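A.B. asks: PDB entry and its sequence, pasted below:
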Amino acid sequence: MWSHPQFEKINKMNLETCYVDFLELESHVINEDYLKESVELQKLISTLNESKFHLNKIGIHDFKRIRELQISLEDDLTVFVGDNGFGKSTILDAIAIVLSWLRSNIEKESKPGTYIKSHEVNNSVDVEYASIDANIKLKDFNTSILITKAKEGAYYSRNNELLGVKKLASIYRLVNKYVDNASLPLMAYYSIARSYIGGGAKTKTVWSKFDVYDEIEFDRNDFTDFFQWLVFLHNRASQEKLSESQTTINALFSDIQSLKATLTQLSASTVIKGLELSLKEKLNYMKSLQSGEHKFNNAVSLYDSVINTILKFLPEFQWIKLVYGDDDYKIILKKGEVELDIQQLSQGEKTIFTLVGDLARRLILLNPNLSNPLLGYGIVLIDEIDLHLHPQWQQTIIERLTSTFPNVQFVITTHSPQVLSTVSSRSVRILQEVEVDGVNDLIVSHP
DNA sequence: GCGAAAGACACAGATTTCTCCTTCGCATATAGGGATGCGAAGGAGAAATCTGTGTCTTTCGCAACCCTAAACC
RNA sequence: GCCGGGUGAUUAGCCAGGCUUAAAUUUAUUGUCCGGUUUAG
Ligand SMILES: Nc1ncnc2c1ncn2[C@@H]1O[C@H](COP(=O)(O)OP(=O)(O)OP(=O)(O)O)[C@@H](O)[C@H]1O
């Protein structure tokens, strides 16, 4: 996060070196026109784009029930299996704790995050403090972070390590400063308290990508904003459906009708030539513009993408519609041959509706430049995936989650043997309780 | 080890709104009188949301340094 | 078998292309003007 006389050493191509070369070039040139076209910025952007977010390893010492262990996480999927009271939620809490400081530093530097509560330290007599360590590896680049808290009543101090995460956050802020539509990583957490929001604002107008960074946890009001966001998309599509798109539509149907008329009357060149020429010319002219750059128009495509994505997980339904009533809007489904309502669904269908809708909203908001926003990077944590699901749905949820979002790392903890029948052996970790050296401890043995 | 300037953590309490609780007023299907059932407002008393204050965490461009080359702390 | 590490030797030489060898899931070369170590004047 500073400028240097560009120490040389051996030659390499690390992202850090490109970061410091751009900073060195910054202190000389003042005009922004040269800066926006310099080859150093192109090198930095190209290097940053091909890197894939990935948490490498984690270690927990003397936190809650866990005394000491180290875990290695896969880059696409990992599942923790155990019984009650075996510290399944402890690991997810530790990961969210270390991920909050990175979340905080992106919005503004030197901003605090989340600490350790005084009741989370172990209750043993011989303990003195608790610590958490982590590591993030983007391509060659490696960063580390340590969070620690001393037991209340002690007279010896311990502090945190925060140089790596501040250095990493500075790169993201610098890139965002010179790129119009730079993307950001995704971090989310679905705790066990998501069943309360199962169908239980001064005219919000401006939408930005920094509103999804308010919190790392999905809770309470996020459902309400989803509804407000969805109707905004619908109105945007309606505006695109009208105006000049209707003019070419007016020609096209008439040309088709004229061709149909030419087909009739015993085929009357002449009429056929005129109809064919007019149809070809109008269609070619309309298609040439293609609303600027085809998929660049978004509008209708995004709304259909989110609707079809939601309908992917509920095969028993037909369509979902938004209807304006006398004084409020409604969401109408159709199951079988009867129209339903969002408040007349079962608990299980509501859970899937909220989970998928929130995930799609976050992915769409954080990647405004990608043609298909559902291919972004990030990490998602889910606890007790088998809530309010019958065994038929328990065996196919996992492969669908990884099928729809193929570039997101997943961490999942489960409770039942139904899901274990559909997971590879390389991404299964089993917790156990054994006594070593006269002291009880927890181990993970399934590499 | 830690300047100034903003957040996190823990504990109160206050307040508007909603919801439970009398009191009687129709009503209507059984020829008037009596009975079971439900609708209408006051008047509670409960509960989610917000706001207040007091205790610590991070970590400075911090009177006061040498001018030959490489590595480590 | 695959991959990831070691490096003597070659090349208008921090390229490039050749020949060897090593293994539980298991390194990512760091602080000067002080300190001791190497060289030189
Ligand atoms: N401070 C503590 N000292 C000792 N043990 C603790 C402490 N805090 C929690 N525990 C232990 O944690 C155990 C439960 O841990 P945890 O909630 O992580 O497990 P889980 O049942 O797998 O999780 P979940 O049901 O929330 O998904 C309890 O049995 C308790 O003994």
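C.D. replies: Cool, the structure landed. Numbering: from 1, shown residues only, chains lettered A, B, ... in the order given.

A.B. asks: Now the closest residue to DNA strand B within the stretch 251-400 of chain A. Nearest residue, chain neighbours left out?
C.D. replies: Among all residues of the stretch 251-400 of chain A, residue A:343 sits closest to DNA strand B, at 15.1 Å; criterion: Cβ to the nearest atom of the strand. For every residue, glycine as well, the C-beta is placed using N, CA and C. Excluding its sequence neighbours, the residue lying closest to residue A:343 (Cβ to Cβ, 6 or more residues apart in numbering) is residue A:199, at 5.7 Å.

A.B. asks: gap between that neighbour and residue A:327?
C.D. replies: 20 Å (Cβ to Cβ, to the nearest Å).

A.B. asks: Look at those two and report which has more neighbours.
C.D. replies: Neighbours of residue A:199 and residue A:327, each counted by other Cβ atoms under 10 Å, are more numerous for residue A:199; the result is 15 against 5.

A.B. asks: Spit out the contact partners of the more buried one.
C.D. replies: Under the criterion of Cβ atoms under 8 Å, 6 or more residues apart in numbering, the neighbours of residue A:199 are A:342-343, A:345, A:350.

A.B. asks: tell me which parts of the stretch 151-300 of chain A are close to DNA strand B?
C.D. replies: Residues of the stretch 151-300 of chain A lying close to DNA strand B by Cβ under 7 Å from any atom of the strand are A:157, A:159-160, A:162, A:166.

A.B. asks: Take those and lay them out in TSV including distance to residue A:29, neighbour count and secondary structure.
C.D. replies: Output for these, formatted as TSV (distance: Cβ to Cβ, whole Å; neighbours: other Cβ atoms under 10 Å; DSSP: H, G, I helix; E, B strand; the rest coil):
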residue	distance to residue A:29	neighbour count	secondary structure
A:157	45	7	coil
A:159	39	8	coil
A:160	37	13	coil
A:162	31	15	coil
A:166	26	15	helix
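
A.B. asks: Which residue would be the closest one in the stretch 151-300 of chain A to the ligand?
C.D. replies: Per Cβ to the nearest ligand atom, residue A:192 is where the stretch 151-300 of chain A lies closest to the ligand, at 6.4 Å.

A.B. asks: in what helix or strand does residue A:105 lie?
C.D. replies: helix A:88-107 (DSSP states H and E).

A.B. asks: need the longest helix for chain A.
C.D. replies: The longest helix of chain A (DSSP state H) is helix A:244-267.

A.B. asks: So which bits of that helix are buried?
C.D. replies: A:251, A:255, A:258-259, A:262 (16 or more other Cβ atoms under 10 Å).

A.B. asks: Quick check: the two most widely separated of those?
C.D. replies: A:251 and A:262 (15.8 Å; Cβ to Cβ).

A.B. asks: residues in contact with residue A:139?
C.D. replies: Contacts of residue A:139 by Cβ under 8 Å, 6+ apart are A:15, A:47, A:50-52.

A.B. asks: With residue A:186 instead?
C.D. replies: Here residue A:186 is in contact with A:362-363, A:366, A:376-380, A:408 (Cβ under 8 Å, 6+ apart).

A.B. asks: how does it look with 7 Å?
C.D. replies: Contacts here follow Cβ atoms under 7 Å, 6 or more residues apart in numbering; on that basis residue A:186 touches A:362-363, A:366, A:376-378.

A.B. asks: from those residues, which ones fall inside helices?
C.D. replies: A:362-363, A:366.

A.B. asks: Export those as JSON lines, with columns for neighbour count and distance to DNA strand B.
C.D. replies: As requested, the ones in helices among the contacts of residue A:186 are exported to JSON lines (neighbours: other Cβ atoms under 10 Å; distance: Cβ to the nearest atom of the strand, whole Å):
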{"residue": "A:362", "neighbour count": "22", "distance to DNA strand B": "20"}
{"residue": "A:363", "neighbour count": "25", "distance to DNA strand B": "25"}
{"residue": "A:366", "neighbour count": "20", "distance to DNA strand B": "21"}
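
A.B. asks: Could you save those residues as a markdown table and add columns showing distance to the ligand?
C.D. replies: Output for the ones in helices among the contacts of residue A:186, formatted as a markdown table (distance: Cβ to the nearest ligand atom, whole Å):
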| residue | distance to the ligand |
| --- | --- |
| A:362 | 23 |
| A:363 | 26 |
| A:366 | 28 |
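
A.B. asks: Residue A:111: neighbour count?
C.D. replies: Neighbours of residue A:111 using other Cβ under 10 Å come to 12.

A.B. asks: before we move on, back to that, for the residue of the stretch 151-300 of chain A closest to the ligand, which non-adjacent residue is closest in space?
C.D. replies: residue A:383 (5.5 Å).
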